[PDB]
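Novice: To start, I am sharing the structure in question, which I have written as structure tokens.
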Amino acid sequence: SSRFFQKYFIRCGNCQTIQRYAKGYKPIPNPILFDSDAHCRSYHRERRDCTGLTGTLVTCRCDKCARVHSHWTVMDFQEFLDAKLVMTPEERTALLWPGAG
Amino acid sequence: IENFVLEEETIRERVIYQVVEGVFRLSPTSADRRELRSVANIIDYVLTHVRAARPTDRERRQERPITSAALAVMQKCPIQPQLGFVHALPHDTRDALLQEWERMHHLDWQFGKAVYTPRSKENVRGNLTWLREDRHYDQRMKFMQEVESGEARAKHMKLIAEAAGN
Amino acid sequence: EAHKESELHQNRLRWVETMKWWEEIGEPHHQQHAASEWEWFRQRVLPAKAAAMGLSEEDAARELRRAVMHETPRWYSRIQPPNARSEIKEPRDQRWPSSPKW
Amino acid sequence: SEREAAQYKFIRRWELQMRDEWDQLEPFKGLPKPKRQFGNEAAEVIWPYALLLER
Amino acid sequence: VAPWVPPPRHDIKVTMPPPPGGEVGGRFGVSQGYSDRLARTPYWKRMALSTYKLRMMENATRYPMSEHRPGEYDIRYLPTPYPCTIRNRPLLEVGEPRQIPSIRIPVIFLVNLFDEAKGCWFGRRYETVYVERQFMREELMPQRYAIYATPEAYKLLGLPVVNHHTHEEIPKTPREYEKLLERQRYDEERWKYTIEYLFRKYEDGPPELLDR
Amino acid sequence: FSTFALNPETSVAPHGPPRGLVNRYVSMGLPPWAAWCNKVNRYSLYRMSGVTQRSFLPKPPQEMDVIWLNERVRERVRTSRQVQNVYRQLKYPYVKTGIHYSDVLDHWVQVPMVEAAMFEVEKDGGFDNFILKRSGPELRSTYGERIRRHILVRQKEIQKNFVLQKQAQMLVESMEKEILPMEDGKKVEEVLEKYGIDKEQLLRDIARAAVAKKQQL
Amino acid sequence: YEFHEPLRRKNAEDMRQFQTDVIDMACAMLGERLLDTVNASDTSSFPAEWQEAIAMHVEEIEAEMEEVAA
Amino acid sequence: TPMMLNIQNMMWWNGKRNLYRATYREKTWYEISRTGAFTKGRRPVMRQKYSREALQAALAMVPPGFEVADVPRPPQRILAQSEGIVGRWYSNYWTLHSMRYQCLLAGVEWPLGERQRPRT
Amino acid sequence: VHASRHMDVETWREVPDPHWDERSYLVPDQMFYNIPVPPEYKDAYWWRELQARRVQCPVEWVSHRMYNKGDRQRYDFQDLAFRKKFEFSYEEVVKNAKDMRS
Amino acid sequence: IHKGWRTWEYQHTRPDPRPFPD
Amino acid sequence: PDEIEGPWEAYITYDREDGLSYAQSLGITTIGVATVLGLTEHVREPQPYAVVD
Ligand SMILES: [Mg+2]
Ligand SMILES: [Zn+2]
């Protein structure tokens with residue numbers, strides 16, 4: 001965990017600003033010093049991470065209010081595109097990341 | 001104090017004549033005097049005929065009319081009850097004595113079974129149904145405040161206006 | 001209840017030692033400590049942050065403490081912070097400079 | 001048997017916190033020690049990593 | 001035998017077939033919805049009953065996400081029309097040992113509750129307290145003293161609504177739980193993590209500059 | 001698999017395809033168990049890819065009496081330390097007796113659930129909200145439908161009671177405006193029969209409303 | 001009809017004792033509100049007969065409370 | 001269960017059938033097993049090809065303030081398909097990029113953004 | 001039918017509410033055609049909704065619809081209703097392909 | 001099924017039951 | 001046929017007996033591409049009691 005890269009769109013729950021969060025490559029624990037209990041639960045959590053962070057409490061930091069909190073709400077991109085495309089361009093400036101006009 | 005007297009021939013003969021015909025003037029049958037053989041039998045006999053001596057609700061509703069003014073004031077409430085609901089709860093066909101048996105124990109509430117006793121007033125705190133529906137009543141009250149004030153008219157008219165403008 | 005046995009007895013006696021220490025004089029003090037320092041926070045710090053963070057004196061208290069988590073011995077997360085620097089893994093059995101195996 | 005030992009260790013901890021035997025610096029053995037000085041008390045205080053991520 | 005075979009479930013729209021049953025709700029396992037009304041109706045009677053505004057609104061394609069069943073993937077797109085396993089997960093895997101550290105629950109109090117045994121307040125009115133699970137369900141809950149911390153529970157009592165994310169992450173290991181606990185108490189008691197609370201010993205100069 | 005002591009997270013694995021046999025099946029999206037497979041043909045790969053989910057309920061769902069929301073009886077393949085034999089066995093969820101105070105009806109209910117069901121009944125806001133959130137086929141337990149019917153009937157009588165007391169409020173507000181002034185002893189009883197209230201019971205709960213407030217004090 | 005009529009009948013009686021219960025709760029609320037106007041505010045109560053009877057019923061109820069307490 | 005005990009209970013064989021099983025499979029294990037058909041490797045997922053003034057109209061029905069980079073490529077589990085040009089076709093990943101390819105061939109200017117590769 | 005209905009208090013009959021009949025959920029059965037039920041109560045009837053939509057035999061009798069390919073594509077399998085989908089005649093197919101000039 | 005029969009060499013057709021129905 | 005767009009009709013069932021007068025009292029000439037042509041009472045042959053019984 002985690003073998004593949006993935007992009008998420010998360011909403012800051014206190015101020016309701018949408019920022020994007022990425023998950024990159026971290027390697028498997030060594031196959032030569034073998035631990036079944038590590039590898040297997042790492043596998044299940046890997047599958048979980050791949051699906052919308054289902055069982056994971058998300059912890060990050062707001063850029064628009066700078067603090068680290070786990071209030072974050074993970075949005076599938078259709079809910080994102082529903083949220084984004086109905087917005088006036090001046091509140092894209094407040095709620096969304098730079099540009100994204 | 002706990003004295004449960006089991007009768008006989010003679011003591012039945014005098015006790016029934018002294019108690020239930022002397023004090024309560026109650027009339028036994030032959031089958032009655034067949035079944036009167038405890039103190040529990042005599043007491044629930046008297047209790048049964050006394051509770052049968054009390055007027056039913058049909059007699060109480062014809063001594064007590066509900067006056068037109070009262071029912072008119074009840075009519076002008078924004079909410080009247082739904083009041084079909086009793087027909088939705090499941091009825092099961094079984095013995096009555098096993099039903100006696102299961103609330104003799106605690107078995108009556110377990111396996112999805114529950115017993116229904118119609119209440120009148122409730123516990124209002126920590127009652128989550130109660131709170132949501134009285135919140136609902138609050139916004140219906142402020143809604144009718146908005147209607148009587150007349151902004152409802154204006155909102156709808158400006159909806160029609162912006163529909164015509166588009 | 002064996003007493004003539006040494007470490008079977010004096011260790012569970014050490015246990016009852018420890019757990020009659022707590023609920024009499026320890027626990028009320030811990031709870032009172034937790035109460036007293038929130039009481040310290042709200043009349044000294046909080047009047048500053050109500051002005052700072054932009055809230056009232058009340059709703060800042062609901063914001064800074066959203067919930068009450070008081071610590072009882074069966075709930076505690078950690079005894080002490082995890083080590084800053086973790087010691088370095090040498091090769092397998094004191095081989096130098098490296099080992100082929102794991 | 002982990003839970004009760006855990007309890008034991010917590011009560012023990014609070015006891016030493018009432019009686020001043022508790023060393024808060026043990027995770028920090030490998031680090032050099034900051035200036036003991038009248039303004040530098042910002043150094044000896046154990047900083048959460050989160051508000052360091054914040055500022 | 002069945003007089004009156006029931007209609008397809010979600011078939012409200014004129015020119016496009018209903019979503020596959022079991023996605024709307026029902027028995028799972030087919031990837032295409034079908035309705036005999038929409039099929040038997042001639043193409044021209046479909047187009048006659050529509051417009052190029054409405055047609056493009058029900059031609060709309062939400063790709064992997066499903067509309068009627070939120071947050072999961074749409075079943076037709078999945079290889080096997082049955083729903084996704086991972087969001088529908090059981091708590092314990094086949095080889096997973098059960099070690100679940102006791103978890104404690106955010107709970108809203110309805111009355112001021114004082115503990116006689118410990119001589120302290122269980123909780124004040126409308127104060128959210130993390131309590132034991134059995135202590136909550138077995139005692140506080142059957143009495144009316146307290147209810148759960150759900151956001152709609154904050155909504156109903158007229159409190160400003162906050163989410164505690166109760167059991168969003170359920171720890172399957174004890175250290176996982178102390179991680180959970182640590183981020184939790186970083187969130188709920190955050191007054192702990194302000195710099196004035198770090199500095200309790202210095203609200204003044206250093207402690208050696210004092211009097212006896 | 002990285003032999004480096006420090007591994008900060010990278011966008012794409014920096015050293016190319018990850019080496020080792022396990023990373024093969026990891027990159028394929030298969031479980032780590034596959035390094036122990038001798039039969040690698042299409043059917044075994046399909047079998048352990050996990051897309052098909054093989055597991056079952058003890059009884060058919062119409063006949064399911066306990067709340068198994070997601071716990072399917074699964075099966076596990078294990079191996080002895082005499083490794084030449086390989087044995088599999090069925091695994092069942094830990095079904096715990098749910099004793100929950102139901103909120104809408106004032107009383108407890110003991111309806112068996114699983115562990116997940118209890119964590120989730122805590123998450124939901126209580127037993128009643130949990131039973132109502134699920135619908136239909138979502139709860140396969142008959143017991144569930146029974147207490148659900150009781151919950152709905154009970155909810156509607158909660159609403160009925162609320163409505164009732166609102167009626168009461170309108171009545172007393174309406175007649176108080178009449179009896180707010182002292183007036184006369186006789187005049188009051190006219191109001192007592194204009195709406196139809198019995199005088200003696202009024203005296204009785206006037207006397208009980210009394211008894212009630214000084215009793216607490 | 002043999003099936004359906006005993007139903008609408010039950011709904012009818014339910015509405016009936018709904019009205020009845022409304023009237024009785026009207027009695028109760030009259031109780032506490034007139035109590036509130038008599039004890040909190042002043043200068044006004046009903047007839048001496050009403051007051052005496054109320055007092056007697058209150059005393060009897062209190063006696064019942066003392067008996068049911070032990 | 002006999003499947004655990006490995007009995008071949010097929011109905012053509014003895015007449016029995018395995019008790020815990022679905023009675024309908026719209027695609028059996030072999031055609032679930034073939035991921036080449038399901039996933040999009042080396043395979044075209046949009047089968048109609050639009051003229052220039054068709055492509056321009058299709059691009060004209062995209063709402064402004066839309067980036068291509070907001071549409072993540074779906075995983076392998078999700079079938080790769082394109083419903084053509086429907087309403088909200090730009091939400092479909094494969095439709096978006098197939099259209100992008102036709103717009104590259106036909107020499108149509110591409111109004112939307114292009115896919116970004118985020119790096120550490 | 002008698003659930004959740006307002007009473008008209010003159011006649012003490014039910015009020016024939018016009019909103020009742022659009023919220024109503026039609027529960028099928030054999031010796032009645034369909035039975036209107038209020039929606040909130042629909043959730044206990046989930047099984048005989050699945051028995052009505054089911055094919056009315058053992059599935060073994062109709063199983064031949066399943067095995068050949070042409071009958072997988074032409075037949076409906078949703079919750080086990082084996083029933084012919086809509087399918088064109090040949091003359092239709094010819095004149096549908098002819099006026100497209102293909 | 002201590003030993004699996006070779007079932008892959010048969011095309012799928014139901015044999016007639018040997019105690020044949022009259 | 002998509003260029004025709006003939007006179008769609010809408011049957012609008014108000015739960016009261018005044019729906020017509022209210023519909024005119026709303027005063028709607030156009031919802032802005034539609035231009036509603038006319039409002040009139042749809043005359044129904046009155047249904048017997050047997051339909052709701
Ligand atoms: Mg055929
Ligand atoms: Zn924020």
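Residues are referred to by chain and number: the chain letter is A, B, ... according to the order shown in the structure tokens, the number counts from 1 in that chain, and ligands are numbered separately from 1 in the order shown.
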Output as a list in words the set of chain G residues within 8 Å of chain F, with distances taken over only C-alpha atoms.
Specialist: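 Matching residues, ligands excluded from the count: residues 18, 21, 22, 23, 24, 25, 26, 27, 28, 29, 30, 31, 32, 34, 35, 44, 45, 46, 47, 50, 53, 54, 55, 57, 58, 61 and 62 of chain G.
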Novice: Which residues are near ligand 1 in this structure, taking near to mean any atom at most 8 Å from a ligand atom and counting only C-alpha atoms and all ligand atoms? Format them as a list in words.
Specialist: residues 65, 68, 70 and 71 of chain I
Novice: Kindly provide, as a PyMOL selection string, all nucleotide and amino acid residues lying within 7 Å of ligand 2, counting only C-alpha atoms and all ligand atoms.
Specialist: chain A and resi 12-17+62-65
Novice: Could the residues in this selection be saved with N, CA and C atoms as a JSON list (two decimals), in the first residue's frame?
Specialist:
[["chain", "number", "residue", "atom", "x", "y", "z"],
["A", 12, "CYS", "N", -13.56, 20.33, 2.60],
["A", 12, "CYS", "CA", -13.32, 20.74, 3.96],
["A", 12, "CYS", "C", -14.62, 21.01, 4.67],
["A", 13, "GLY", "N", -14.82, 20.30, 5.76],
["A", 13, "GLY", "CA", -16.12, 20.23, 6.38],
["A", 13, "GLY", "C", -16.51, 21.41, 7.25],
["A", 14, "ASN", "N", -15.51, 22.12, 7.76],
["A", 14, "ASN", "CA", -15.78, 23.30, 8.56],
["A", 14, "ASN", "C", -16.24, 24.47, 7.69],
["A", 15, "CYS", "N", -15.42, 24.83, 6.70],
["A", 15, "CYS", "CA", -15.69, 25.98, 5.83],
["A", 15, "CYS", "C", -16.33, 25.65, 4.48],
["A", 16, "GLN", "N", -16.51, 24.36, 4.19],
["A", 16, "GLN", "CA", -17.05, 23.90, 2.91],
["A", 16, "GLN", "C", -16.28, 24.41, 1.69],
["A", 17, "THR", "N", -14.97, 24.18, 1.67],
["A", 17, "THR", "CA", -14.17, 24.48, 0.49],
["A", 17, "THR", "C", -13.60, 23.19, -0.08],
["A", 62, "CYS", "N", -6.88, 21.86, 5.80],
["A", 62, "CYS", "CA", -7.49, 22.87, 4.95],
["A", 62, "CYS", "C", -6.46, 23.88, 4.47],
["A", 63, "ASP", "N", -6.51, 24.25, 3.20],
["A", 63, "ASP", "CA", -5.68, 25.36, 2.75],
["A", 63, "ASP", "C", -6.39, 26.68, 3.03],
["A", 64, "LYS", "N", -7.70, 26.73, 2.79],
["A", 64, "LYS", "CA", -8.42, 27.98, 2.98],
["A", 64, "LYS", "C", -8.57, 28.38, 4.46],
["A", 65, "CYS", "N", -8.59, 27.40, 5.34],
["A", 65, "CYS", "CA", -8.41, 27.66, 6.76],
["A", 65, "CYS", "C", -7.29, 26.75, 7.22]]
Novice: Please provide the set of residues having any atom within 9 Å of range 7-11 of chain J, restricted to only C-alpha atoms, with same-chain residues fewer than 6 positions apart removed, written as a ChimeraX atom specification.
Specialist: /H:8,12-13
Novice: For range 48-63 of chain H, work out the shell of residues within 12 Å, counting only C-alpha atoms and skipping chain neighbours fewer than 2 positions away, then give it as a PyMOL selection string.
Specialist: (chain A and resi 81-82+84-87+101) or (chain E and resi 53+56) or (chain H and resi 44-46+65-68+82-91+95-96+98-112)
Novice: Can you measure CA of residue 129 in chain E to CA of residue 108 in chain F for me? One decimal in Å is fine.
Specialist: 23.2 Å
Novice: Given the choices B:96, B:89, B:12, B:134, which gets closest to residue 115 in chain B if the distance is worked out from only C-alpha atoms?
Specialist: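 Using only C-alpha atoms, residue 115 in chain B sits closest to B:89.
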Novice: Each residue of range 4-102 of chain C lying at most 10 Å from range 196-205 of chain E should get a row with its shortest atom-to-atom pair and the distance in Å to one decimal, counting only C-alpha atoms; could you produce that, ordered by chain and increasing number, as JSON lines?
Specialist:
{"residue": "C:37", "atom": "CA", "partner": "E:200", "partner_atom": "CA", "distance": 8.9}
{"residue": "C:38", "atom": "CA", "partner": "E:197", "partner_atom": "CA", "distance": 9.6}
{"residue": "C:40", "atom": "CA", "partner": "E:200", "partner_atom": "CA", "distance": 9.1}
{"residue": "C:41", "atom": "CA", "partner": "E:197", "partner_atom": "CA", "distance": 7.5}
{"residue": "C:44", "atom": "CA", "partner": "E:203", "partner_atom": "CA", "distance": 9.5}
{"residue": "C:45", "atom": "CA", "partner": "E:196", "partner_atom": "CA", "distance": 6.8}
{"residue": "C:46", "atom": "CA", "partner": "E:196", "partner_atom": "CA", "distance": 9.7}
Novice: Could you write out that same residue set with N, CA and C atoms as a PDB file, in the first residue's frame?
Specialist:
ATOM      1  N   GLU C  37      -8.371  22.564  35.267  1.00  0.00           N
ATOM      2  CA  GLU C  37      -7.624  23.242  34.215  1.00  0.00           C
ATOM      3  C   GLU C  37      -8.499  23.687  33.031  1.00  0.00           C
ATOM      4  N   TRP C  38      -9.669  23.083  32.849  1.00  0.00           N
ATOM      5  CA  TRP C  38     -10.612  23.665  31.898  1.00  0.00           C
ATOM      6  C   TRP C  38     -11.152  24.942  32.521  1.00  0.00           C
ATOM      7  N   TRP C  40      -9.515  26.771  34.341  1.00  0.00           N
ATOM      8  CA  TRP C  40      -8.431  27.730  34.162  1.00  0.00           C
ATOM      9  C   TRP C  40      -8.439  28.296  32.759  1.00  0.00           C
ATOM     10  N   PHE C  41      -8.716  27.424  31.800  1.00  0.00           N
ATOM     11  CA  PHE C  41      -8.695  27.799  30.399  1.00  0.00           C
ATOM     12  C   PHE C  41      -9.777  28.816  30.054  1.00  0.00           C
ATOM     13  N   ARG C  44      -9.327  32.686  31.356  1.00  0.00           N
ATOM     14  CA  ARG C  44      -8.043  33.352  31.117  1.00  0.00           C
ATOM     15  C   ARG C  44      -7.682  33.362  29.624  1.00  0.00           C
ATOM     16  N   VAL C  45      -7.553  32.174  29.043  1.00  0.00           N
ATOM     17  CA  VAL C  45      -7.329  32.009  27.612  1.00  0.00           C
ATOM     18  C   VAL C  45      -8.590  32.337  26.798  1.00  0.00           C
ATOM     19  N   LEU C  46      -9.672  31.590  27.020  1.00  0.00           N
ATOM     20  CA  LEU C  46     -10.913  31.733  26.232  1.00  0.00           C
ATOM     21  C   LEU C  46     -11.435  33.170  26.029  1.00  0.00           C
TER      22      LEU C  46
END
